[PDB]
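Colleague: Got an experimental structure here, sequence first:
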Amino acid sequence: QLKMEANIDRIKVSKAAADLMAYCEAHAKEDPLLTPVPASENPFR
Amino acid sequence: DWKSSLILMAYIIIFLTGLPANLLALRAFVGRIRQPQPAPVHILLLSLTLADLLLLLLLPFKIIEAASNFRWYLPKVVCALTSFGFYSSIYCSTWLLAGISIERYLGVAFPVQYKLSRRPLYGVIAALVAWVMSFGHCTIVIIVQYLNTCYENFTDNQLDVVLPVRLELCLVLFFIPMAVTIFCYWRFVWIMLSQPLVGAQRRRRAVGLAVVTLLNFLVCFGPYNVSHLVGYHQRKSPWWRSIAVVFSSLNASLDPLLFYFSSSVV
Amino acid sequence: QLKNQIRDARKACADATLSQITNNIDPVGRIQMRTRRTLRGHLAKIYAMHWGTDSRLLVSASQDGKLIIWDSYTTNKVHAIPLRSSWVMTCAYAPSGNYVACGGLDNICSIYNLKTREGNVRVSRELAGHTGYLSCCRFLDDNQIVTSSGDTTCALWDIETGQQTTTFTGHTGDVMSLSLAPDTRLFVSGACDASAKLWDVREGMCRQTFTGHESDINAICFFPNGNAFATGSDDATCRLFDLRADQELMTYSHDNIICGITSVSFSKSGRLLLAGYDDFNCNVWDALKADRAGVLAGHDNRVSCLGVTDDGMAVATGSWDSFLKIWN
Amino acid sequence: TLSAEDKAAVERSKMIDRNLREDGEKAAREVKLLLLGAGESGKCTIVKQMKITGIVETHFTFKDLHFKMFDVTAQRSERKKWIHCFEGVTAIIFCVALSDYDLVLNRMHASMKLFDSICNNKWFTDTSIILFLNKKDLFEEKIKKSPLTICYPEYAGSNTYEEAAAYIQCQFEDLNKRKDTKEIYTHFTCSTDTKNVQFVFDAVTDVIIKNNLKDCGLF
Ligand SMILES: CC(C)CCC[C@@H](C)[C@H]1CC[C@H]2[C@@H]3CC=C4C[C@@H](O)CC[C@]4(C)[C@H]3CC[C@]12C
Ligand SMILES: CC(C)CCC[C@@H](C)[C@H]1CC[C@H]2[C@@H]3CC=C4C[C@@H](O)CC[C@]4(C)[C@H]3CC[C@]12C
Ligand SMILES: CC(C)CCC[C@@H](C)[C@H]1CC[C@H]2[C@@H]3CC=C4C[C@@H](O)CC[C@]4(C)[C@H]3CC[C@]12C
Ligand SMILES: CC(C)CCC[C@@H](C)[C@H]1CC[C@H]2[C@@H]3CC=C4C[C@@H](O)CC[C@]4(C)[C@H]3CC[C@]12C
Ligand SMILES: CC(C)CCC[C@@H](C)[C@H]1CC[C@H]2[C@@H]3CC=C4C[C@@H](O)CC[C@]4(C)[C@H]3CC[C@]12C
């Protein structure tokens, strides 16, 4: 298990953080939890 | 005189403690009622708390009347209304106390049958009987005042009307519940004192609580109902009625602490 | 041995902290969530829940003797299937919604077909072979299922054939939870040995392991992107791990919190991390700045489980009482 | 609710609540018990003979009372990860063999460690514990050829049955720190089959009495 675990492709943590931030901001406008949903059109009301 | 003075701090010492205990107990009782599977215990306790609250709400009306050296400065109709409410609340409280005793006895005498046959409907019909026997029977307050002061200076017909009905009031509304409570508490004490496997501390605590409750029931509603037969024997209205009412008012203040603060809260 | 080389590679890869990178963005403001709908049909403690693909029907499992499917829009119940065993700690919803799987202390999580010609729900399949209590078995696909048990092994079964198609072993402690990646090719599995592992069902063997927790990881999740995930343990800490970095990224801990984690879920965009607790409180941590965006305290005993709809329009939490709440 | 589909939805709904209430009404009358033991004592060979995969469920009836016993034998995982499920059970029957003091799995002390954990568990701070000291017949044979000082270095008594049996029971009855809230019902399983049933029924009856008195305010 250790032999295959050691031989893996490990990217820089900065690139992973940048990708995570880009994914978070790209879908930020599509999150009803972040942006306050209007009372209308809301199924739960 | 000294009697009115004693009335002042007696009613004050009842007043300043009756309300908070009932107020804190009411929320717990309604929460337990709203909780799933409500036992008949909760219904009777809630009814008793409501009766105590009704009794306490009428305390200032009599307090202001008795403050002015036993002088009536209020309309006759409203005085009769408060008197009827007070007496009905007292009788409802004593009948609910009687109902609790038989329910407590059955919980220990036959716990297996009591566990698998419980239903809240049995706790509502028994409670409703107390309301029916309180409101329905306590009509003599209305008829006497409107026949032909506040329960004093009775005339010939006023005295001849209240005496023969006070015996019925003491007999069918106090004597039978008192006997039922005494028998049930004696049976519960006898059963608890001889049990197969119980804790000594729990057994002694239960026996002491039962004895305390029996003593409370036998000294709070005792003299007030005895005064009915005393007046019938003397063919006149007893003068020792206000103190009997004061003694009967102890239950309305000490019931929530007896039924709630029994080792639950230090 | 190889552990030293792996640690050295991980140290070399880490050059910048996530807090330093993400400090430029504005912090997420305080958010308040209110209980729009409440479910009181249950009569005992519930231990698991799941959300359907349509984000309208949600399943819940308790010890009252049955599991119930609720229509969140109208609060009405459409199915209440009794259970052979009262002890149930896991319930799952198929992606198509045709089947529902649930299991508990018995080493069997069974699947019932919700949609039937006669209109009555019937037991479709019972899977046996595990040597421990089922922790969390999830519907990988309408044809294959994934099971996690307390015997430190995980399994992948075929519903039609009813046998262990694949077996995953290597965990030291008891496995507590698993989460499926969106592509349905990778998944994570956290055990009681303060460790988590990554497995692909296509090959049948582990890919990489992650450690750092000081307690038993009882909750796991997966980022919507699929390149990262989150874990929650009894040490009152939540740890974010990255697949491409093989190391921790953020730790969500506070001095006030002493109780452990009961459930962990991610929002639609992965910006909010909803973590349950044993103090009947749910915390909406910031997935990028580790900031408490909000606290939900609508429960009584402790938040047993929580989940987020597919569209992320609401968050539904179930506690140790017979209460189910839906916020936003 | 005006629509026919909505009306059918609410019909099925309140049908479901009616069925749930009917099912849950009998749950209160149900009596649930847990079974526990250490090592070979985990299998309740003396309680699973009444003749009347992980969790094993045993069903029986006595005095018009339904008893359902849950036994954990194949659950070899950590107890703390699933012991919270058995919260609210009427009673716990913990069985430790009296003949396990001499031979080394030593395992008599392991029974005390297991008994300590369940008795002092935060989830079992209210449920009573029933203790059965089974294998009493084998205890007499082993008390003659071997002494009680091997497993009890602090023993300060003779080898009499009354003293030896009480000595083992006394240490098992003092392991509960919550004496006010928890009661331990000790018993020795007799050869007669009826005697074992009565003690379990009597112990459950006391628990029922405590529950009934708790509602009345006598707790
Ligand atoms: C004053 C009101 C509240 C009375 C309450 C009594 C209610 C709770 C009902 C519910 C279950 C009932 C019991 C069911 C079966 C039996 C066995 C019988 O051999 C004696 C009575 C006994 C033990 C019943 C006594 C009354 C009872 C306890
Ligand atoms: C008189 C006021 C204070 C209380 C009114 C109810 C009293 C009289 C009590 C005393 C005897 C009681 C009953 C004793 C035995 C049973 C059978 C059981 O299967 C249901 C309850 C039932 C039917 C009890 C109902 C309530 C009960 C009728
Ligand atoms: C507080 C005041 C007003 C009331 C005092 C009465 C109670 C608390 C006292 C007076 C008599 C006492 C009991 C006298 C004899 C025994 C037998 C023993 O094996 C257990 C305790 C027990 C059963 C006592 C319990 C408490 C007790 C009931
Ligand atoms: C508490 C219960 C069990 C016992 C009740 C007995 C006592 C409280 C009752 C019954 C007999 C009553 C007395 C009967 C006659 C008189 C004379 C009168 O001019 C004043 C009151 C007085 C002195 C009564 C005071 C209270 C009284 C003593
Ligand atoms: C627990 C506390 C609040 C009890 C309050 C009630 C007390 C203070 C009141 C109510 C009834 C009162 C008594 C009524 C009649 C008499 C006879 C008289 O010749 C002396 C006073 C005496 C004996 C009173 C003493 C005080 C008294 C006992």
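Modeller: Thanks, I have it. Numbering: from 1, shown residues only, chains lettered A, B, ... in the order given. Ligands and ions are numbered 1, 2, ... in the order given.
Colleague: which helices and strands does the helix ranked longest in chain D pack with?
Modeller: Scanning chain D for the longest helix, with DSSP state H as the assignment, gives helix D:4-29. If you count contacts as 3 or more Cβ pairs under 8 Å, 6 or more residues apart in numbering or on different chains; DSSP states H and E, helix D:4-29 packs onto strand C:66-71, strand C:77-82. All C-beta spots, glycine's among them, are computed from the backbone N, C-alpha and C.
Colleague: near chain C, which residues of the stretch 1-150 of chain B show up?
Modeller: Within the stretch 1-150 of chain B, the positions near chain C by Cβ under 8 Å from any Cβ of the partner chain are residue B:36.
Colleague: change it to 10 Å
Modeller: Where the stretch 1-150 of chain B comes near chain C, counting by Cβ under 10 Å from any Cβ of the partner chain, the residues are B:36, B:37.
Colleague: picking up where we left off before, quick check, the longest helix of chain D touching ligand 2?
Modeller: No - contact between helix D:4-29 and ligand 2, assessed by Cβ under 6 Å from any ligand atom, is absent, since the two come no nearer than 12.6 Å.
Colleague: immediately after that helix, which helix or strand?
Modeller: Moving toward the C-terminus from helix D:4-29, the next helix or strand (DSSP states H and E) is strand D:31-37.
Colleague: ok, back up a step: let me have the helices and strands packed on helix D:4-29 in TSV, adding mean neighbour count as columns.
Modeller: Compiled in TSV, the helices and strands packed on helix D:4-29 are given as follows (neighbours: other Cβ atoms under 10 Å in any protein chain shown):
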stretch	mean neighbour count
strand C:66-71	23
strand C:77-82	18
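Colleague: For those strands, give me JSON lines that also has distance to residue D:135.
Modeller: Below are the helices and strands packed on helix D:4-29 laid out as JSON lines (distance: least, Cβ to Cβ, whole Å):
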{"stretch": "strand C:66-71", "distance to residue D:135": "41"}
{"stretch": "strand C:77-82", "distance to residue D:135": "40"}
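Colleague: Do the longest helix of chain D and ligand 1 come into contact?
Modeller: No - remark: helix D:4-29 sits outside contact range of ligand 1, by Cβ under 6 Å from any ligand atom, the gap being at least 11.1 Å.
Colleague: ok, which stretches of the stretch 201-328 of chain C are helices?
Modeller: Listed in chain order, the helices found in the stretch 201-328 of chain C under DSSP state H, counting those that start in this stretch amount to none.
Colleague: So which bits of it are right by ligand 2?
Modeller: Of all the residues in the stretch 201-328 of chain C, not one is in contact range of ligand 2 (Cβ under 6 Å from any ligand atom).
Colleague: Next, give phi and psi for residue C:93.
Modeller: phi -120, psi 130 (degrees, to the nearest 10).
Colleague: Let me see the contact set for it.
Modeller: Taking Cβ atoms under 10 Å, 6 or more residues apart in numbering or on different chains, we find residue C:93 in contact with C:49-53, C:57-59, C:69, C:99-102, C:114, C:138-139, C:307.
Colleague: switch the cut-off to 8 Å
Modeller: Applying Cβ atoms under 8 Å, 6 or more residues apart in numbering or on different chains, we find residue C:93 in contact with C:50, C:51, C:52, C:53, C:57, C:58, C:59, C:100, C:139.
Colleague: Tell me the bridge partners for it.
Modeller: With DSSP bridges applied, the residues forming beta bridges to residue C:93 are residue C:100.
Colleague: Now for residue A:39: which residues touch it?
Modeller: Applying Cβ under 8 Å, 6+ apart, we find residue A:39 in contact with residue A:45.
Colleague: Quick check: of the contacts of residue C:93, which lies closest to residue B:71?
Modeller: Minimum distance to residue B:71 across the contacts of residue C:93 is 69.6 Å, recorded for residue C:58 (Cβ to Cβ).
Colleague: tell me the contacts of that closest one?
Modeller: If a contact means Cβ under 8 Å, 6+ apart, then residue C:58 has C:49, C:50, C:51, C:52, C:69, C:70, C:72, C:93, C:307, C:316 as its contacts.
Colleague: Now do stretch D:118-129: distance from first to last residue.
Modeller: According to Cα to Cα, to the nearest Å, stretch D:118-129 extends 9 Å from its N-terminal end residue to its C-terminal end residue.
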